[PDB]
Structure formats: structure tokens, C-alpha cells
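Student: Pasting a structure below so you can have a look.
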Amino acid sequence: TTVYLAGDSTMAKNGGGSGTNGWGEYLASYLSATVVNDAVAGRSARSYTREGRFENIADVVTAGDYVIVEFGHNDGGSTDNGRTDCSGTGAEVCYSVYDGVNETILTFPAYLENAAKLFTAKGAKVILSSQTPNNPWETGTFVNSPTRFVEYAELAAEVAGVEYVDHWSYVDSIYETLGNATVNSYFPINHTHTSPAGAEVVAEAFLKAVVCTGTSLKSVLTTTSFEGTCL
Ligand SMILES: *[C@@H]1O[C@H](CO)[C@@H](O)[C@H](O)[C@H]1NC(C)=O
Ligand SMILES: *[C@@H]1O[C@H](CO)[C@@H](O)[C@H](O)[C@H]1NC(C)=O
């Protein structure tokens, strides 16, 4: 069995550079399944789609494999940076001339739904996961400030008939517990990329979420002992 990962610098091997790492690098150790980390720094649901990266996974996935999809950090606005999705949750389309093409730009849920349907057709088990939080201790006071993309991932899961993991909430829960000095130490570059220790915390919070939510992936866990509490 193989688990394919789609995401951005918070998930990717080597993170955002300069010493950081992504959470997808801290899963293999706890799964009986091979992990293929196809996350890439800087990508949004739109640009990951446009770059053919969901299609790349689709073309190698085998029946019974899993695909975990987690975007949002790069999906918001600000002229066309090649990443911003069209606003909304449905069938809205936005047109933009980007890299010499009049591009048809979809909403964040449509991109996720379309990828999910593609993987389901190939026999894969798709897990849509809400984005991780930017450092919630940046101000010295804990702030839980979900982006619109958190619930949009849940919406997408429901429309596509696939599983949802609220990775956001499990990360912010353990960050609240770990506290100000510890969590600030996980963000040496900007408030998004994580140090290796933070990437591991973030991965362990995904695994906690799987145990607590009863996600299908629990079947390939080799332990259920992860820090934090069920939410
Ligand atoms: C882009 O394509 C759409 C859909 O056909 C069309 O309305 C729009 O005018 C085109 N835009 C540009 C700037 O060519
Ligand atoms: C929070 O942690 C940062 C980094 O160690 C520290 O510089 C700041 O003073 C701490 N904030 C307070 C409110 O303790």
C-alpha cells in the first residue's frame, strides 16, 4: 500500500528551505505503507492542478492506495500571482492571463473535488485535510484564527464523498498546550514554514486526528500513541 501526499511547504520535503521541513516527512515511521511526499513549496490548489501534479499522482496510484490532499496556505489573494483561486465555494470561474494563457481558474473546493474524483476513479482512498495554522503564538497571545480554507476542505470532502481530517484544529490544540516559547521556536523564517521539530509536531497532530476521527488510514497505523487529546 502507498500513501501519496499533496500539499505545500508545510508538508513538503525540505519545507520552505533554510533548515525547515514539512510534516509529510514524519509519517512513514508510523505507517505500514510506503509514503510518497509529492508536496511542493509555494503551491496552491490551483497551481498544483495547473502544474499537472494531481494528474502525476493519479497516473501512479493503485487501487487501495491513499491520497492526502492539504492546501490553503497559498490560496488567498494578492495582480495575479499564479496561486490565488477564484473566490467562492462552487462552480464560479475567474479568467486571468497567466504565463501566456487565458487560464480558467476554479474555486478552492472545485479544485479539491476534481482531484478527489480523479483519485477515487483510480481506486484510491482520498483524505482531504484542512491546512495547518500559521504560528498562532506570533503575538505572545494564543489566537485561533482559521482561514476560510479550513471549512472549505470539509465542504469539498462532503461534495466529493470522501474523508475529511481537521488537521487545523489538531495542530492548534497541541500548539495551545505547548505554549508560547516552544511554538515560536518552530517558526524561524516566517509564520508559515516549520522547523523539523515543528514539522514533527504537525505530523503527530495529523496522526492524532486520524486516531480520534476514525479515518480509514487508521488501518495502516502501527501505533495509536500520539500526544494531544481527541477533539
Ligand atoms: C478568457 O476566456 C473567457 C472565456 O472564453 C473570455 O470571456 C475572456 O474574455 C477571455 N479573456 C481574455 C483577456 O482573452
Ligand atoms: C513568547 O516567546 C517569545 C520567543 O521566546 C518570547 O520572545 C516572548 O517574550 C514570549 N512572550 C511572552 C508574552 O512571554
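Numbering starts at 1 and runs along the chain as it is shown here.
A Cβ is built for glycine as well, from the same backbone N, Cα and C atoms used for every other residue.
Okay, these came from Swiss-Prot:
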- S9: active site, nucleophile (ACT_SITE)
- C86-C94: disulfide bond (DISULFID)
- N102: N-linked glycosylation site (CARBOHYD)
- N180: N-linked glycosylation site (CARBOHYD)
- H193: active site (ACT_SITE)
- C212-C230: disulfide bond (DISULFID)
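Help me picture these features in the structure, burial and contacts included.
Tutor: For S9 (active site, nucleophile), applying a Cβ distance below 8 Å and a minimum sequence separation of six or more within one chain yields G15, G16, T20, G22, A39, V40, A41, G42, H73, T192, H193. In the three-state DSSP scheme, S9 (active site, nucleophile) is classed as coil.
According to DSSP, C86 (disulfide bond) is assigned to a strand segment.
Take the CB of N102 (N-linked glycosylation site) and look out to 10 A: across all protein chains shown you find 8 other CB atoms.
According to DSSP, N180 (N-linked glycosylation site) sits within a helical segment.
According to DSSP, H193 (active site) is assigned to coil rather than to any helix or strand. Other C-beta atoms found within 10 angstroms of the C-beta of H193 (active site) number 27, with every protein chain shown included.
All protein chains shown were included, and the count of other CB atoms within 10 Å of the CB of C230 (disulfide bond) stands at 10.
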Student: Please report the distance from the Cα of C94 (disulfide bond) to the Cα of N102 (N-linked glycosylation site), rounded to the nearest angstrom.
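Tutor: Cα of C94 (disulfide bond) to Cα of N102 (N-linked glycosylation site) measures 10 Å after rounding.
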Student: Rounded to the nearest whole Å, what distance do the 2 unmodelled residues have to cover between the Cα atoms of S78 and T79?
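Tutor: In this entry the gap's Cα endpoints measure 7 Å apart.
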Student: Give me the count of other Cβ atoms within 10 A of the Cβ belonging to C86 (disulfide bond).
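Tutor: Looking across every protein chain shown, the total is 19.
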